[PDB]
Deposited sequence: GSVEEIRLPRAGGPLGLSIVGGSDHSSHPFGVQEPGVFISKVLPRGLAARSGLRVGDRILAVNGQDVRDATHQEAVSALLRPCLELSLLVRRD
């Protein structure tokens, strides 16, 4: 139905947890106060890309590394 761009204005910690990686990488937790929650990311979001980096079939660690690059634009899909 839709793909969405969720952009986080980083200060640093994002305030989210991910599961999955090499059947896709998914947001498993969003700290209520954290930057991710404030920016509109939601549990169940599947991360497709990070700042243009395709992470659809990324490793778990690869996804972590992409998220910790030095705004953080996340392309996500919800199933």
message: Should a student be asked to find the unmodelled regions, what ranges of the deposited sequence would be the right answer here?
response: 12, 24-34, 83-84
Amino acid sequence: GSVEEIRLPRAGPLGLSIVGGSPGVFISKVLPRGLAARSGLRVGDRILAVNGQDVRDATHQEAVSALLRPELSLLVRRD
From here on, numbers count along this sequence of modelled residues.
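What we label the rigid core is the largest C-alpha set whose atoms superpose within 1.5 Å from one form to the other.
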- prompt: Rigid core superposed, root mean square over structures and residues, which stretch has C-alphas farther from this form in 8 other deposited structures of this protein, 13-21 or 61-69?
  reply: 13-21
- request: Averaging the C-alpha B factors as listed in the entry, name the stretch that ends up higher: 38-46 or 23-31.
  value: 23-31
query: With respect to the recorded C-alpha B factors, which stretch has the higher mean value, 54-62 or 13-21?
result: 54-62
